[PDB]
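A quick write-up on the structure given underneath.
Hydrogens, waters and symmetry mates play no part in the numbers below; they use all other heavy atoms, side chains included. Proteins come first, then strands; the chains are lettered A, B, ... in the order of their sequence lines, and each starts at number 1.
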Amino acid sequence: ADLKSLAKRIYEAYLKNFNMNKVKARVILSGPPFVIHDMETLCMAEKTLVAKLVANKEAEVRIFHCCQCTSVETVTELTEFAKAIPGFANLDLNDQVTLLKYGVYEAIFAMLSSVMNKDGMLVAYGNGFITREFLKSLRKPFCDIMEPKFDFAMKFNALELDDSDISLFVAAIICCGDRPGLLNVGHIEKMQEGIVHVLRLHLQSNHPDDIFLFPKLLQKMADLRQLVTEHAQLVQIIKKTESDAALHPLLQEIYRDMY
Amino acid sequence: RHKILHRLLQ
Ligand SMILES: CC[C@@H](Oc1cccc(CN(CCCOc2ccc(OC)cc2)c2nc3ccccc3o2)c1)C(=O)O
């Protein structure tokens, strides 16, 4: 097996399939995005960037809807990306579904880090920047959505990964053999072992300065599973208690029976 | 149980 070539293949699949990556994000964050820091600038950004949405419910529920729309888009990109991981498409369709069901929000929050800095995050395909303080200012429970993801991102970004690392990390998130309900655990474990081996060797080559980077990222995978469990609980509270905050059907299917 | 995912995956 050629593990350098496998790493390149997964990186190329990531560059093709994701509209946002860390290179693109950093170009934008380096200074154009419309800055959303208060209700006036939220409403202005909505009229330009999501006009049909405001052509109205509470601002918090509009933001929640925009968040979900981004997730739906990213799930679609993740499904196409997954098709490129060796062995993934040879799995039973039911196992492909299970792996994606549990893995997509761990991958979403990992990749979200690339558009975040300590002051805010890119939104709407890089055409908006919403401040972290504005999101904290929203009424409960909506102000509790993003802050844990910023906290994860600040530590994740301190690892100084590049897109070649992240592509492999996202592939390893998707190929977890301990998801509930898998049929062919043995084949998935071997697929995972192979991707994790590619990740290990890549980090050794690309980050010779950080000899613990691989176990740091194994821990981040475990942190992400916990972040997703907590996020799913918050989504359930919102769904149950906020009638205007409908869930998109693909996201309802993902969250249903997850944790 | 996941008709949209199933459809996206095909
Ligand atoms: C709420 C329920 C929803 O939770 C979340 C929680 C955190 C993050 C997301 C998805 N997300 C944030 C989009 C905000 O999108 C707007 C757009 C416009 C706007 O105002 C005009 C405000 C917010 C995102 N961004 C990404 C960028 C790169 C890679 C992956 C990315 O994932 C959904 C879920 O569970 O799906």
Side-chain angles (χ1 to χ4, degrees), chain A residues 13 17-19 68-69 71-85 87-108 171 173-175 179-184 188 191 232 246-259, chain B:
Chain A
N17 282 294
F18 296 111
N19 77 85
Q68 289 187 49
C69 287
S71 292
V72 167
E73 298 293 21
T74 308
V75 170
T76 305
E77 297 183 327
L78 279 159
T79 297
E80 294 298 314
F81 174 72
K83 290 175 188 166
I85 306 165
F88 187 86
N90 312 115
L91 293 168
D92 184 86
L93 266 164
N94 274 359
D95 277 347
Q96 297 181 34
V97 164
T98 297
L99 290 181
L100 280 164
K101 176 198 190 63
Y102 285 91
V104 290
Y105 275 101
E106 295 176 11
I108 285 166
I173 286 169
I174 292 165
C175 301
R179 304 309 194 182
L182 296 172
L183 307 168
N184 194 346
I188 298 163
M191 176 181 67
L247 267 192
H248 182 289
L250 169 58
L251 306 183
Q252 297 192 48
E253 161 191 317
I254 288 168
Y255 281 116
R256 182 149 291 245
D257 310 312
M258 185 191 284
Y259 286 118
Chain B
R1 289 200 139 118
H2 304 85
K3 296 313 273 184
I4 299 186
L5 271 197
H6 256 107
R7 301 192 290 96
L8 296 175
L9 274 165
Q10 280 174 328

Could you pull out every donor-acceptor pair under 3.5 Å between chain B and chain A?
{"residue": "B:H2", "atom": "NE2", "partner": "A:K101", "partner atom": "NZ", "Å": "2.7"}
{"residue": "B:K3", "atom": "N", "partner": "A:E253", "partner atom": "OE1", "Å": "3.4"}
{"residue": "B:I4", "atom": "N", "partner": "A:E253", "partner atom": "OE1", "Å": "3.1"}
{"residue": "B:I4", "atom": "N", "partner": "A:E253", "partner atom": "OE2", "Å": "3.4"}
{"residue": "B:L5", "atom": "N", "partner": "A:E253", "partner atom": "OE2", "Å": "2.8"}
{"residue": "B:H6", "atom": "NE2", "partner": "A:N94", "partner atom": "OD1", "Å": "3.0"}
{"residue": "B:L8", "atom": "O", "partner": "A:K83", "partner atom": "NZ", "Å": "3.2"}

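Contact count versus chain B (heavy atoms, under 4.5 Å) is highest, among A:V75, A:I254, A:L93, A:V104, for A:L93.
For the pair A:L100 and B:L8, the minimum side-chain heavy-atom distance is 4.5 Å or more.
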